[PDB]
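requesting a structural model of the entry that follows:
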Amino acid sequence: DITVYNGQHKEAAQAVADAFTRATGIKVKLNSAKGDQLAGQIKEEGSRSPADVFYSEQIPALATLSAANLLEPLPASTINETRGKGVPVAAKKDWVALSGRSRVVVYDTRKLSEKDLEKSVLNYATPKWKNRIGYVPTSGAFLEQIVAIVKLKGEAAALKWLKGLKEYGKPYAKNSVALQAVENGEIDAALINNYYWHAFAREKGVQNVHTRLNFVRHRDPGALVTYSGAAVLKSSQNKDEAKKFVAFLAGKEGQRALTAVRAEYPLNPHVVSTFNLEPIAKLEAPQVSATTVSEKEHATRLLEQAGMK
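Numbering: from 1, shown residues only. Let me share the structure:
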């Protein structure tokens, strides 16, 4: 009945779309792909494309469409649903934040305890962690991390961090490879996204896994949470149903359908995840502005400068 351009998790989107169809009888058509592609696709089509809703995993793609004036303002009630401090708010009230993923440190419990981990993620780029900390320089979230240290600590800090990691850390090609390295005991810890561990634990059984998650909190750059959100196209021919879908997305019922299959932190307060996720506000994630193209260019130049690229 409505067409959703989906830049978010495939299994995620499907779970929430189906829950929507069960509660309203409204059919959902998903067009999954890279968030930057869908947006520019919507942008190169403007008020003529088939998209009724844009469901993305990156707020920057929503900001672009917003900046190009292609999004339809949403009622306060919808946007009110996930409102919280530190939570991204749409200046023109044309998109809403829905969930988030957190950067984290996975560690080997056979060898370490929480009391052995660093208070700040910046502290890992030191001799003390020579061959004991792993990272994934080719990762998008790793890029987001560098972008956050620059906004939160200045470029010098970001450069210090990258040279320290290049110098003492151990790179892995993929976030899963990094995680499997800690699980097998070939490194004490590694920097990755939270959901990788949660997904792995659910499939094997937490009693069978030797890795655990550490969260820095205290607004540290390593406590970075990246948000996802959604919006309705001003061009939609089914603006009524699309508006409903996003309200469903932000609401308890929709938030429960998402956290039933995806380890993302619900933004709606009245929801508990099926994964052992603490209420987001307890992560003490720092406040950071959305990521821009220039910021990813700066962080990239820094990756090359450090020696990783």
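
any chance you could map the strands in the chain?
Using DSSP state E, the strands of the chain run over 2-6, 28-32, 53-56, 96-108, 133-135, 170-171, 189-193, 211-214, 225-232, 265-266.

from the chain's centre, how far out does the first one sit?
Meaning strand 2-6. 20 Å (CA atoms, centre = their mean, to the nearest Å).

would you quantify the distance from the residue nearest to residue 143 when sequence neighbours are not counted to residue 93?
Setting aside the residues directly before and after it, residue 143 is nearest to residue 299 in space (CB to CB, 6 or more residues apart in numbering), at 5.3 Å. Heads up, the C-betas are built off the backbone N, CA and C, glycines and all. From residue 299 across to residue 93, the span is 29 Å (CB to CB, to the nearest Å).

okay, the two: which has more neighbours?
Neighbour totals were compared for residue 299 and residue 93, and residue 299 leads with 22 against 16 (other CB atoms under 10 Å).

my read: that one touches residue 150, true?
Yes. Shown here, residue 299 and residue 150 form a contact pair, counting by CB atoms under 8 Å, at 6.8 Å.

as a markdown table, the strands of the chain with mean neighbour count would be great.
Formatted as a markdown table, the strands of the chain follow (neighbours: other CB atoms under 10 Å):
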| stretch | mean neighbour count |
| --- | --- |
| strand 2-6 | 25 |
| strand 28-32 | 17 |
| strand 53-56 | 28 |
| strand 96-108 | 24 |
| strand 133-135 | 25 |
| strand 170-171 | 16 |
| strand 189-193 | 26 |
| strand 211-214 | 19 |
| strand 225-232 | 26 |
| strand 265-266 | 24 |
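
can you lay out those as TSV showing distance to residue 256?
Formatted as TSV, the strands of the chain follow (distance: least, CB to CB, whole Å):
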stretch	distance to residue 256
strand 2-6	19
strand 28-32	17
strand 53-56	17
strand 96-108	12
strand 133-135	34
strand 170-171	38
strand 189-193	22
strand 211-214	22
strand 225-232	16
strand 265-266	8
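
of those strands, which is nearest residue 244?
strand 2-6 (8.5 Å; CB to CB).

elements contacting the closest one?
helix 10-24, strand 28-32, helix 35-43, strand 53-56, helix 239-250 (3 or more CB pairs under 8 Å, 6 or more residues apart in numbering; DSSP states H and E).

again, only using 6 Å
strand 28-32, strand 53-56 (3 or more CB pairs under 6 Å, 6 or more residues apart in numbering; DSSP states H and E).

now it and helix 239-250, what's the angle there?
50 degrees (axes from the mean of the first three to the mean of the last three CA atoms, to 10 degrees).

can you list contacts of strand 2-6?
Here strand 2-6 makes contact (CB atoms under 6 Å, 6 or more residues apart in numbering) with 13, 28-32, 38, 50-55, 238, 241-242.
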